[PDB]
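Visitor: One structure, as structure tokens, below. Some questions next.
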Protein chains: 2
Amino acid sequence: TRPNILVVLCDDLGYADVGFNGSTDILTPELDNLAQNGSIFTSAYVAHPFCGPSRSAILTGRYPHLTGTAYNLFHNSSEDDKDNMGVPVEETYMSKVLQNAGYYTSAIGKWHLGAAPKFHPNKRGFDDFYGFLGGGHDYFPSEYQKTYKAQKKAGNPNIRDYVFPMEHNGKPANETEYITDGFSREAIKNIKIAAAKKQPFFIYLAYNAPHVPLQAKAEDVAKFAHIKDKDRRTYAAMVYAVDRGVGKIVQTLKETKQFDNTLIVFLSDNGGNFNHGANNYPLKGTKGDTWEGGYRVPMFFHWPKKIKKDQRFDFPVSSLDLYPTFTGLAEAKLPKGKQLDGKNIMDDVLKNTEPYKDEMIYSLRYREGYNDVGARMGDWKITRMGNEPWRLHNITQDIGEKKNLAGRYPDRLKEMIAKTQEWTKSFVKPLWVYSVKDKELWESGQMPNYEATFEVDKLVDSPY
Amino acid sequence: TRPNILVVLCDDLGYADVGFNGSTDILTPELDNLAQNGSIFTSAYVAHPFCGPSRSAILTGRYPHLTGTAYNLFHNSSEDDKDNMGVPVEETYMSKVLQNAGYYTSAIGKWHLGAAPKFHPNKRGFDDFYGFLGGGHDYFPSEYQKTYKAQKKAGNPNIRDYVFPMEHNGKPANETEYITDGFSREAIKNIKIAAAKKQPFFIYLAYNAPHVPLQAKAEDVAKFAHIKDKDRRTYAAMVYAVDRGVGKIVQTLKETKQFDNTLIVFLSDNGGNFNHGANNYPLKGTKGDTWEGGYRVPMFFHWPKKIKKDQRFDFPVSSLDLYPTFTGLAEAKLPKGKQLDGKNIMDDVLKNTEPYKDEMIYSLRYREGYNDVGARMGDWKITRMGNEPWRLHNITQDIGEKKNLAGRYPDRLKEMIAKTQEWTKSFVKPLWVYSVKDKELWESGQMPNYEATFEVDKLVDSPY
Ligand SMILES: [Br-]
Ligand SMILES: [Br-]
Ligand SMILES: [Br-]
Ligand SMILES: [Br-]
Ligand SMILES: [Br-]
Ligand SMILES: [Br-]
Ligand SMILES: [Ca+2]
Ligand SMILES: [Ca+2]
Ligand SMILES: [Cl-]
Ligand SMILES: [Cl-]
Ligand SMILES: [Cl-]
Ligand SMILES: [Cl-]
Ligand SMILES: [Cl-]
Ligand SMILES: [Cl-]
Ligand SMILES: [Cl-]
Ligand SMILES: [Cl-]
Ligand SMILES: [Cl-]
Ligand SMILES: [Cl-]
Ligand SMILES: [Cl-]
Ligand SMILES: [Cl-]
Ligand SMILES: [Cl-]
Ligand SMILES: [Cl-]
């Protein structure tokens with residue numbers, strides 16, 4: 001009997017901001033209990049260090065550099081199909097694949113993969129959608145509904161999508177509670193629906209917490225009243241509210257007897273933003289970086305029927321693995337011609353085998369005139385940040401990327417740079433960029449200039 | 001009547017790495033006692049976020065962008081006067097000005113302002129020099145002398161200058177102890193020389209501690225044995241050896257009865273490198289950045305005859321202020337046509353008045369194809385890092401530069417950028433650059449492109 005699949009995806013959760021991954025000040029007892037009863041992934045990576053492209057990769061199973069979606073959609077992006085402001089519809093999502101294999105599919109919370117009808121969740125493999133289409137949202141309906149009406153009362157032609165009414169399959173959601181609590185409430189409802197249907201479920205629970213604005217319930221803040229920094233205190237309360245809902249979700253799974261045969265996957269979509277309450281310790285950097293802190297995230301698998309308790313999986317994996325792993329477990333057939341950049345790791349997880357032995361896990365982030373790069377194989381990682389000289393780290397011994405080994409092992413450095421450059425030969429042009437500056441640089445050819453990105457000696461050689 | 005002047009300049013000391021500036025694990029009792037008995041500067045800035053240009057600025061009193069010295073000299077730089085690898089000799093150092101006013105002048109420790117004879121300290125106003133000409137040095141003579149000899153006897157043509165013999169006025173120094181201790185002993189020796197000559201002294205004590213290589217005496221490491229991280233522990237021991245030497249220097253000043261009429265200035269030449277043991281809390285960033293962490297440094301003035309005890313000076317100051325402050329105290333006349341970018345602040349310190357009201361304290365750091373910028377006026381700072389969109393901070397309320405207010409106050413942002421851009425209009429071309437990549441970009445005009453640096457709207461506007 002095929003398992004249910006529950007993906008709990010948080011938004012900008014820092015590497016050190018759940019108990020099972022080292023937090024000393026944020027309490028996440030429900031998440032910790034799930035993690036201790038499953039497999040914790042100590043080297044898990046998303047395919048891009050910020051929101052839109054990471055989510056594009058999770059659902060398409062491809063790097064955003066291959067689908068044209070490596071920039072975020074701007075807020076209030078176009079809602080007209082003629083404008084193709086969304087992930088290409090030809091790139092079939094794993095939700096549609098699971099849907100075509102008889103799964104009850106549900107998407108809750110944040111989307112950010114296109115606000116026009118052809119990009120809507122109900123058209124991309126989801127029987128049920130409850131959430132918002134853009135990149136973020138205010139958390140309290142009492143506050144943001146008032147603002148929305150008032151802004152209509154002045155005929156405001158550019159109302160921020162952070163205050164738009166949310167929707168349930170295209171109709172007004174009429175949410176009445178702190179939206180983290182509402183998304184938990186909708187997850188429970190959809191679990192009860194699938195149980196009543198005696199149908200396996202796939203639920204994509206995309207919390208916007210703890211993404212800005214930092215807004216939290218008074219009852220949650222009180223659990224952290226001793227934290228003096230206000231942003232950290234509020235951020236902790238936000239993470240705690242997600243934890244409360246996972247505990248309620250777990251109770252529902254047990255009452256409906258779906259707990260033992262549900263694969264629960266929990267992760268963050270990118271590294272924490274350390275300007276807005278997050279802590280990525282012991283990693284270097286912040287959301288958006290190709291330092292580990294940008295795209296290495298907490299993650300666990302929990303599936304009592306098959307994954308042993310107290311497991312730690314220390315081999316590097318990618319969020320790109322979720323697509324082939326889920327379609328495999330679903331016994332689903334892939335669409336003809338579907339290209340995938342990850343692999344099914346369920347067997348590797350059960351037997352503690354290395355899925356990426358002698359293979360690369362990459363990141364490339366476009367900047368204003370240059371690219372940040374990161375690439376890991378085994379214990380070795382190469383990094384370029386700020387267009388500075390290339391760095392080589394033994395990421396297993398130097399998790400903080402403090403000791404540059406490029407000088408001691410230049411052969412390894414250039415071999416890893418060679419493979420990474422070849423990878424960028426397969427890229428497509430971005431379907432959209434983010435800023436006016438971006439558009440100029442790509443039109444002038446100043447971007448992408450992958451050739452300059454993979455220079456090595458001239459960055460370090462003296463001309464004298 | 002005129003005071004003695006002792007400049008204690010550490011190398012790469014982190015903002016939180018002395019007791020008086022908030023350190024909780026590194027002990028600096030001697031430095032703290034001086035600071036408690038003088039004026040602590042809570043918003044002190046050096047003129048560039050790394051070694052060479054900052055030091056050029058301290059001795060010339062000018063921004064390195066105006067003297068052509070905003071890149072480091074490469075290690076083992078040219079020793080022939082013909083190649084002009086050094087600070088322009090026409091830019092008169094404050095040591096020469098003080099020399100010409102009857103001061104006994106002495107330089108100790110690190111130089112890095114040119115290794116050719118016309119750039120030598122003895123030709124730049126220093127009666128005495130004891131140290132090394134380049135940018136760093138190994139700490140234990142038993143080890144680096146052995147290496148230097150072995151490699152000299154093998155005719156190695158590329159001996160690292162980190163192991164060259166140190167010198168005393170052009171002759172071999174024959175150092176026999178941990179060079180931090182060796183430098184302290186020389187400061188004591190030069191204090192007694194000035195006393196015997198019945199001359200006011202100016203001592204430029206340029207410790208290379210706590211700059212890499214992290215090397216410390218075992219007896220000093222033992223005092224920080226509860227520090228678990230090996231690099232943090234050695235670094236703590238290196239800072240401590242500087243503190244011990246400051247205490248011995250203080251004892252000498254009392255025996256020679258020079259203590260009360262000596263102005264002791266203590267500061268770091270730039271922010272701490274957080275990859276090599278330093279801690280810049282609560283600032284953001286690291287050595288080399290235009291975040292506060294790159295160029296805001298600890299600093300105190302200690303001068304019992306005039307400066308009151310337990311003072312805290314909270315208005316922003318610059319290390320460029322030391323040149324006109326010292327010559328003012330020396331009652332010296334400036335060379336005809338000498339340009340200075342700082343101001344005499346001794347009166348402002350004694351009366352607690354604002355030296356930079358409605359005026360700017362700047363930083364601009366060249367990167368590979370773009371510029372990092374920071375500029376502060378009053379409570380307000382603008383920051384551009386990594387060519388990202390411009391940031392505006394109230395650094396008095398937001399010392400960590402976490403909350404960008406550029407959207408909230410675009411009028412202030414644009415006026416501060418306008419003033420900063422006009423400042424860059426006076427810059428000169430670098431006399432040298434640092435890497436081959438640097439040279440290509442400057443010859444093609446890809447650098448400096450100050451015009452692109454001060455773009456604002458195109459970095460945040462959507463093109464759709
Ligand atoms: Br689809
Ligand atoms: Br709503
Ligand atoms: Br069950
Ligand atoms: Br930010
Ligand atoms: Br001079
Ligand atoms: Br020596
Ligand atoms: Ca995110
Ligand atoms: Ca330095
Ligand atoms: Cl609005
Ligand atoms: Cl940042
Ligand atoms: Cl089992
Ligand atoms: Cl090698
Ligand atoms: Cl384009
Ligand atoms: Cl090259
Ligand atoms: Cl020797
Ligand atoms: Cl050598
Ligand atoms: Cl005295
Ligand atoms: Cl470094
Ligand atoms: Cl760094
Ligand atoms: Cl304003
Ligand atoms: Cl040049
Ligand atoms: Cl502009």
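Letters A, B, ... mark the chains of the structure tokens in the order given; residue numbers begin at 1 per chain; ligand numbers begin at 1, in order shown.
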Within 7 Å of ligand 2 (counting only C-alpha atoms and all ligand atoms), which residues show up? I'd like them as an MDAnalysis selection string.

Guide: chainID A and resid 141 145 165:167 172:175

Visitor: Keeping only N, CA, C and O atoms, write the selected residues as an mmCIF file, in the first residue's frame.

Guide:
```
data_model
loop_
_atom_site.group_PDB
_atom_site.id
_atom_site.type_symbol
_atom_site.label_atom_id
_atom_site.label_comp_id
_atom_site.auth_asym_id
_atom_site.auth_seq_id
_atom_site.Cartn_x
_atom_site.Cartn_y
_atom_site.Cartn_z
ATOM 1 N N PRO A 141 -5.342 38.276 9.831
ATOM 2 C CA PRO A 141 -6.442 38.754 8.967
ATOM 3 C C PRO A 141 -7.143 39.996 9.495
ATOM 4 O O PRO A 141 -7.537 40.864 8.703
ATOM 5 N N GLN A 145 -6.949 42.460 6.339
ATOM 6 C CA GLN A 145 -8.222 42.678 5.650
ATOM 7 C C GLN A 145 -8.651 44.139 5.757
ATOM 8 O O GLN A 145 -9.040 44.759 4.758
ATOM 9 N N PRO A 165 -6.701 39.369 -0.133
ATOM 10 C CA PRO A 165 -7.423 38.206 0.397
ATOM 11 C C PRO A 165 -6.814 36.910 -0.129
ATOM 12 O O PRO A 165 -6.364 36.838 -1.271
ATOM 13 N N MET A 166 -6.748 35.905 0.743
ATOM 14 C CA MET A 166 -6.341 34.575 0.330
ATOM 15 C C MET A 166 -7.518 33.836 -0.322
ATOM 16 O O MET A 166 -8.683 34.248 -0.237
ATOM 17 N N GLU A 167 -7.221 32.693 -0.928
ATOM 18 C CA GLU A 167 -8.206 31.977 -1.720
ATOM 19 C C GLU A 167 -8.237 30.497 -1.377
ATOM 20 O O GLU A 167 -7.247 29.917 -0.919
ATOM 21 N N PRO A 172 -12.886 33.372 -2.295
ATOM 22 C CA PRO A 172 -12.326 34.041 -1.110
ATOM 23 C C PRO A 172 -12.151 33.070 0.051
ATOM 24 O O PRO A 172 -13.043 32.287 0.365
ATOM 25 N N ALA A 173 -10.982 33.132 0.703
ATOM 26 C CA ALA A 173 -10.739 32.205 1.804
ATOM 27 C C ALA A 173 -11.444 32.615 3.087
ATOM 28 O O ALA A 173 -11.798 31.735 3.883
ATOM 29 N N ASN A 174 -11.655 33.923 3.300
ATOM 30 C CA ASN A 174 -12.254 34.455 4.530
ATOM 31 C C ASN A 174 -11.557 33.876 5.760
ATOM 32 O O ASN A 174 -12.192 33.363 6.690
ATOM 33 N N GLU A 175 -10.232 33.973 5.768
ATOM 34 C CA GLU A 175 -9.468 33.489 6.908
ATOM 35 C C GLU A 175 -9.779 34.351 8.129
ATOM 36 O O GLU A 175 -9.989 35.565 8.019
#
```

Visitor: Neighbouring residues of segment 196-209 of chain B were defined as those with any atom within 8 Å, considering only C-alpha atoms; residues of the same chain fewer than 3 positions away were excluded. Please report them as a VMD selection string.

Guide: chain B and resid 2 to 13 95 98 102 to 111 136 to 137 180 183 187 190 to 193 212 238 to 239 242

Visitor: Pick out the residues no farther than 10 Å from ligand 1, counting only C-alpha atoms and all ligand atoms, and list them as a PyMOL selection string.

Guide: chain A and resi 59-60+87-97+99+118-126

Visitor: Out of segment 282-360 of chain B, which residues get helix (DSSP H, G or I) from DSSP, as a PyMOL selection string?

Guide: chain B and resi 292-295+319-330+346-351

Visitor: Can I get the residues close to ligand 7 as a ChimeraX atom specification, where close means within 12 Å and we count only C-alpha atoms and all ligand atoms?

Guide: /A:9-14,46-56,72,110-112,135-136,206-212,267-273,278,286-288,294-295,297

Visitor: Just to confirm, what's the straight-line distance from atom 1 (Cl, counted along the ligand's line) of ligand 20 to atom CA of residue 450 of chain B in Å (one decimal)?

Guide: 23.6 Å

Visitor: Show me which bits of chain A are within 9 Å of chain B, counting only C-alpha atoms, as a PyMOL selection string.

Guide: chain A and resi 74+77-78+274-276+367-370+385-388+400-403+433-439+457-464

Visitor: What do you get as a PDB file with N, CA, C and O atoms, in the first residue's frame if you pick all residues at most 6 Å from ligand 17, counting only C-alpha atoms and all ligand atoms?

Guide:
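Dumped everything to out07.pdb:
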```
ATOM      1  N   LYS B 254      56.156  55.415  33.886  1.00  0.00           N
ATOM      2  CA  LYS B 254      56.096  55.928  35.245  1.00  0.00           C
ATOM      3  C   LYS B 254      57.495  56.102  35.823  1.00  0.00           C
ATOM      4  O   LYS B 254      57.792  57.136  36.435  1.00  0.00           O
ATOM      5  N   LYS B 257      58.974  58.974  34.698  1.00  0.00           N
ATOM      6  CA  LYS B 257      58.074  60.086  35.025  1.00  0.00           C
ATOM      7  C   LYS B 257      57.512  60.767  33.764  1.00  0.00           C
ATOM      8  O   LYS B 257      57.223  61.962  33.761  1.00  0.00           O
ATOM      9  N   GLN B 258      57.310  60.013  32.685  1.00  0.00           N
ATOM     10  CA  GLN B 258      56.708  60.570  31.482  1.00  0.00           C
ATOM     11  C   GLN B 258      55.219  60.253  31.354  1.00  0.00           C
ATOM     12  O   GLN B 258      54.581  60.747  30.423  1.00  0.00           O
ATOM     13  N   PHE B 259      54.647  59.486  32.291  1.00  0.00           N
ATOM     14  CA  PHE B 259      53.306  58.921  32.116  1.00  0.00           C
ATOM     15  C   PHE B 259      52.234  60.007  31.985  1.00  0.00           C
ATOM     16  O   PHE B 259      51.400  59.962  31.069  1.00  0.00           O
ATOM     17  N   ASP B 260      52.218  60.981  32.904  1.00  0.00           N
ATOM     18  CA  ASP B 260      51.113  61.936  32.916  1.00  0.00           C
ATOM     19  C   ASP B 260      51.098  62.845  31.699  1.00  0.00           C
ATOM     20  O   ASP B 260      50.015  63.273  31.294  1.00  0.00           O
TER      21      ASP B 260
END
```

Visitor: If you measure from atom CA of residue 261 of chain B to atom CA of residue 308 of chain B, what distance in Å do you get, rounded to one decimal?

Guide: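 Between atom CA of residue 261 of chain B and atom CA of residue 308 of chain B the gap works out to 13.1 Å.
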
Visitor: Kindly give the distance, in Å, that separates atom 1 (Cl, counted along the ligand's line) of ligand 16 and atom CA of residue 161 of chain B, rounded to a single decimal.

Guide: 7.3 Å
